[PDB]
Amino acid sequence: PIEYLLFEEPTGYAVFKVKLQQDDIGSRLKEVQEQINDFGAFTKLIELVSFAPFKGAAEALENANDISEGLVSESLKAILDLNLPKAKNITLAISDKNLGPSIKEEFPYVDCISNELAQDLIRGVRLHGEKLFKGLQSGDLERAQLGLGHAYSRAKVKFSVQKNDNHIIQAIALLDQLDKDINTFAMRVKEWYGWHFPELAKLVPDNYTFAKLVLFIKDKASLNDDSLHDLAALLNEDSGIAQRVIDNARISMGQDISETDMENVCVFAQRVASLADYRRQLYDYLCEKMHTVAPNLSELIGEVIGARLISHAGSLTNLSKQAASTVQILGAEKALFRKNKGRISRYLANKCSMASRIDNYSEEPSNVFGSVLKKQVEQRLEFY
Amino acid sequence: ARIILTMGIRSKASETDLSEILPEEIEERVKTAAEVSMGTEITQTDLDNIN
Amino acid sequence: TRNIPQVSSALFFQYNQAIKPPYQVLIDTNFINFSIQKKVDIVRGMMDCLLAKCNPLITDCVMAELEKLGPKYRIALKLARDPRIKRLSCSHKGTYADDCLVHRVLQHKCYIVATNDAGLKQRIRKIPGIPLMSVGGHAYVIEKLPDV
Amino acid sequence: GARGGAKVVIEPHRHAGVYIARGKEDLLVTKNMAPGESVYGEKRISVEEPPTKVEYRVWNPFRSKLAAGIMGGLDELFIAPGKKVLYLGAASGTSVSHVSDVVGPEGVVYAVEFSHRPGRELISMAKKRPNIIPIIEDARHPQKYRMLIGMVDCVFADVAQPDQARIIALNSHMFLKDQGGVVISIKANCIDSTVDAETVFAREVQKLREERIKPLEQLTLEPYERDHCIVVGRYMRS
Amino acid sequence: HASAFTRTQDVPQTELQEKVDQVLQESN
Amino acid sequence: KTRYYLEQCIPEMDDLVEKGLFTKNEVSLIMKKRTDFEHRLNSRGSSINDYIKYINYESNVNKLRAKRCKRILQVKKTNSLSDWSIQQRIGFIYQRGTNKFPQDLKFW
Amino acid sequence: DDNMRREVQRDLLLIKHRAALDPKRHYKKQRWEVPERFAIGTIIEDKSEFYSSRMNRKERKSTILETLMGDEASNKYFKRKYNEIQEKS
Amino acid sequence: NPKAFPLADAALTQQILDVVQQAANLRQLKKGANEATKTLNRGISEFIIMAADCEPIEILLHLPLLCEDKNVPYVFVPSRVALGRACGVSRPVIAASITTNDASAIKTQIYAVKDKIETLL
RNA sequence: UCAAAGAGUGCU
RNA sequence: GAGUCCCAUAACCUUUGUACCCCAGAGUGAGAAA
């Protein structure tokens, strides 16, 4: 007695019409069962009549929640009414018995079916998938399922990008990488410009300062009193380098390099300057993000130290689950927490293993417990 | 990187034009991928430093 | 790929430490017949013989075989259908109940066998850790059951 | 034993997608979809192949009952490269990542879980594996997440409940293929502690017969686990 | 058979239908 | 079921010959093109263009029958199956192509 | 690769003869043949296992074989038996 | 809904506290969140008992992760001070673990409480 | 290549 | 005549300099103070 079938896809809602009713007497015999697997036989049973794709991602999750609770969405109410005749009562097949009462309330003229005969058809509609759509644009179901899976799954947990903690791990890995490259490129700037004016490389040991001073002092021949004041403004004249660089620049052994050679050092030094500036920026981002994610750990020990501890465990969840002893050795290779000295380290390690928990398993962690946790570490400090 | 500069968030992918970066057949793939993508939304603080 | 079936973890050398009260017994067709000959009703015969609650179990082959016996053995068929007798489903082509039973006791070491057929008692005896039930004299007899 | 500096000798297993690492010790080993990291702190091999650096992950039979089944010598496994797999009871990626390693990028693993608290780690692990999809939902009600699952060659059940046979049944009818695979892990203590270990396993083999699974083999997981076995079956709807 | 040309609901299912219906009732 | 479609074309073919609009050889040529199309339509790899190539064909045949009706019979409409046979077929071509290919909004 | 290195060949021999490597360790009887497709690998420990399952960099070598030499206990075990085997021979 | 879930009622709390004292006398009790954590790591525990009134409760939700990942049943009791009195120890106790020993004299009554815990979950 | 014979896949 | 296709654009060892570590490590698990 089945005429219409409601199927529901990640790309949309699909309604089917049942041309022929399979032998309900012989449902369990093999030959009718093989027809379900066979596409040629199944196409003779039903044929697609409606497909209404969801408008986009947001609407799909809203329906995915409604269908999970056996509710009729506005989109669902749209496709049925356009299709089911008003009519004694039109018979509809639905996979869910719980959805049945909801459909009946909206449409008094439809009687729902969820018996094994309906389940047999629903299985075969699903078995062929996009083949039954006769080429109607259904996207790709396997991909669409996977997207709604993260979307439908994550919704019930109330996970947040606030809970997300790997940004610290990327920031630390990027930060140390920046430092090595800032240093590595910077030694070159001393070599490239060292040929032209080697004495200056000794005068300004600070590599970041040296790159800036090379940028203005490109040619050591160019030396003016106003230029001396300009380079004097850089850093301070307390070290006296401003007078030394002039005096050294008047009289030096450095062999002049070409204009193209001088074009590279300032540009390549400019590259070093940008990375140092970005490393400063990324460092501040790392500082701010921990206070949001791990206020207790960041307050207890510090931002940079706390992040390095999290990266060692592989995640904030990993850090929390470890026992107190393991956390102590998790930072015992770079001395993060560092006979009486060891007692403070283990004591602080136990507290660090603690504040890691309050950050990880709280939806909006606060710093109230981190502060009272740190003073307890502080008090212990003066006793020993 | 140029894609990340032209578009910051996948919502921008639907309307943002990637012609100068990508050919015609490639640029439509990222647009279709964007709406069907699997990833989560990111904050502007996250967007700023990635840019 | 070569297959060497494991020896059951319920077997200590040749002593089966898993079969404990209440027991489960598989009934062979002859056992119902010989039970009727001795006027020994089915469930108490294990109760008094084994001093434990017993859960009789019959296979589709045994149910099939009792049916093909004919009108001469109606009461044997009925008695297999007493409610306290549960039924064991089978997923193999043959209706030969002897081969069905040996597989199950080979397969699984939680059953007692109830039979008096000669070909069967020798085969099951070779299987370790399998108690054997038979009807002889005036009541049933249990051979390979340490708890008795 | 397997100490950091030593070298090992990695070869395929009888089953596709599974490898053995020889040496002074033999390790059940499989490759990494996300090289350079471990999901549950498991140990990993590195192989230099033309040169690209391919990585492998060790299977611990004690932690993963499926790995214990391999050590026990399961005859046939439906989990294989290029097969859809629907794994129930997804506490975390301790075994799902391993089941993933078998199927490959072409296949997917449909991981099902009930409780939220493990799901967060399962979702996080799923990000590193683009083929793993977490369906954190009650497996007792497959209809809630019928929205999420395309069809599956084999269903694996890690669910430890007394009514697991019903959970496996309802999922199998909806999603499993005719002649499809079913693998179930049984803990007799969870189902019925009153009766011996063995008899529970006899009863469990029964249900699979009424809801139309023809079961194929069982394997007790000694010495890796007590009171356990892995029953494998084929779903004969006919 | 259900047809888009003729309404089969017999009541305003959307919020637009009631709004237009009120004007139709109010008009004449 | 290729022959089934061809057989429904026989009565109008007979009507065309009976009225004198088309000679037997001319009628034979028309059937040959109809037969070739019908095999194309019922086969694998059939595309919506095959419906469009067929649908245009009897449309031309419709025009020629109308012209030959005035040129030979000198009648606007001869009361026989030939008048509405082609038009009924044209709708009968369309519905299969639409059912076979509901995607093509152009063919709708 | 064809014309494989002597080092890889020797490592394969060690596993085929791994039964005799240690006195207190025994194996299941197995006829081991060289696999048709194969790679050599190194076994990376975790950070938390620094003390438990990690030897020093100096003990980490290129081959399975030459580490077996660095184990003094293995060498003395090999030395004593060869003498017994030659004496009976 | 609460992070403190499931919470044993008045009765079930009593039999659980009966376990902890009797286990304590038999040296089968590891008490505290930290030594509860390792017992899960070694897989040597029947079940882990925790206090729902801990200040904050947060400091013990690392344990259920390990338990449910390891398929170890667990329960919360309303009072930590009552739990500590059961541990045989002069201070409040927030978590406790009963260790796996089939050679224990109190096997049956532990497995008795085991079954009720599994039903509660 | 043809030439004769098998065994799977797609699809009406 | 004769291997790019096992990074000589490299691996490993030695020496030197810089910064940390010598508490146990799946660390232990009820005393400490008087």
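Now for a description of the structure that goes with this document.

Rules behind the numbers
- Residues numbered from 1 in each chain as written, not as in the entry; some residues may be left out.
- Chains lettered and ligands numbered in written order.
- Part of a larger assembly, values for the part shown.
- Heavy atoms only, no water.
- Residues with missing side-chain atoms left out of burial classes, pairs and counts.
- Helix = DSSP H or I, 4+ residues; strand = E, 2+ residues; numbered from the N terminus.
- Contact = heavy atoms within 4.5 Å.
- Rg over C-alpha atoms; globule rule 2.2 N^0.38 Å.
- Nonpolar A, V, L, I, M, F, W, Y, C, P; charged D, E, K, R; others polar.
- Pairing = 2+ DSSP bridges.
- Axes fitted to C-alpha atoms, helices over the stretch in contact; angles between N-to-C directions.
- Right-handed = clockwise from strand over helix to strand, strands pointing away.

Along its length, chain H carries 5 helices and 4 strands. Put simply, chain H runs from its N terminus to its C terminus through helices and strands in the order α-β-α-β-α-β-α-β-α. Dimensions of chain H, computed from C-alpha atoms along their principal axes, come out at roughly 35 × 30 × 25 Å. Taking as baseline every contact in chain H between residues at least 6 positions apart, the subset at least 24 positions apart corresponds to 88%.

Counting its secondary structure elements, chain G contains 3 helices and 1 strand. For chain G, whose C-alpha radius of gyration is 16 Å, the value lies well above the compact-globule estimate of 12 Å for 89 residues. Seen along its three principal axes, the alpha-carbon backbone of chain G occupies a region of about 50 × 35 × 25 Å.

A word on the environment of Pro134(D). Structurally, the position occupied by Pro134(D) is in strand β8 (residues 132-136). When the C-alpha atoms of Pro134(D) and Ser115(D) are compared, they prove to be 12 Å apart, with 19 residues separating the residues in sequence.

This next bit is on the arrangement of the chains. Contacts are most numerous between chains D and G, taken over all 8 pairs of chains that touch. Between chain D and chain E there is no contact, and the shortest C-alpha to C-alpha distance separating them is 27 Å. The closest approach of any C-alpha atom in chain C to one in chain F is 42 Å; the two make no contact.

This brings us to the interface of chain G and chain D. At the junction of the two partners, chain G supplies 15 residues and chain D supplies 17 residues. For the side of chain G that touches chain D, a count of residues per class yields 7 nonpolar, 3 polar and 5 charged. Here strand β4 (residues 44-49) of chain D pairs with strand β1 (residues 39-44) of chain G via 4 bridges, running antiparallel. Within the sheet, the bridge partner assigned to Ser46(D) lies in β1(G) and is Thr42(G).

All names here are of chain A. Sheet architecture is open: 5 strands sit in the order β3-β2-β1-β4-β5, paired in mixed fashion. With partners counted over all chains shown, the strands left at the sheet margins are β3 (46-53) and β5 (110-113), one partner each. Going across the sheet, the axis of each strand differs from the next one's by a mean of 25°, ignoring polarity. One ladder, built from 7 bridges, connects strand β2 (residues 12-18) with β3; its direction is antiparallel. The residue of β3 that forms the bridge with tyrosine 13 is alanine 52.

Moving on, we get to the sheet that holds strand β1 (residues 29-31) of chain H. All names here are of chain H. Strand order in this open sheet of 4 strands is β1-β4-β2-β3, and the pairing throughout is mixed. Either end of the sheet is taken by a strand with one partner, and the two such strands are β1 and β3 (74-77). Here the average twist between neighbouring strands, direction ignored, is 20°. Alignment of β1 against strand β4 (residues 95-99), held across 3 bridges, turns out to be antiparallel.

This paragraph deals with the interface of chain D and chain A. Where the parts come together, the accessible area they lose is often given as the size of the interface. Every contact between the two is made by 6 residues of chain D and, on the other side, 6 residues of chain A. By residue class, the composition of the side of chain D that touches chain A is 4 nonpolar, 1 polar and 1 charged.

On to unusual backbone geometry. The omega torsion across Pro21(C) and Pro22(C) is -5°, close enough to zero to call that bond cis. Here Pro22(C) shows up in the loop between β2 (15-16) and β3 (23-27). With a phi close to 60°, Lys134(A) is a non-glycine residue in the positive phi region. Looking at where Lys134(A) falls in the secondary structure, it is placed in the loop between α6 (116-128) and α7 (141-157).

Attention shifts here to the pairing of strand β6 (residues 85-88) of chain D. All names here are of chain D. Here 3 bridges tie β6 to strand β7 (residues 109-113), and the two strands are oriented parallel to one another. Bridging across to β7, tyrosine 87 finds its partner in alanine 111. Considered for its hand, the β-α-β crossover made up of β6, helix α2 (residues 93-103) and β7 is right-handed. Here β6 pairs with strand β9 (residues 152-157) via 4 bridges, running parallel. Residue pairing in the sheet places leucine 88 in a bridge with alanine 157 of β9.

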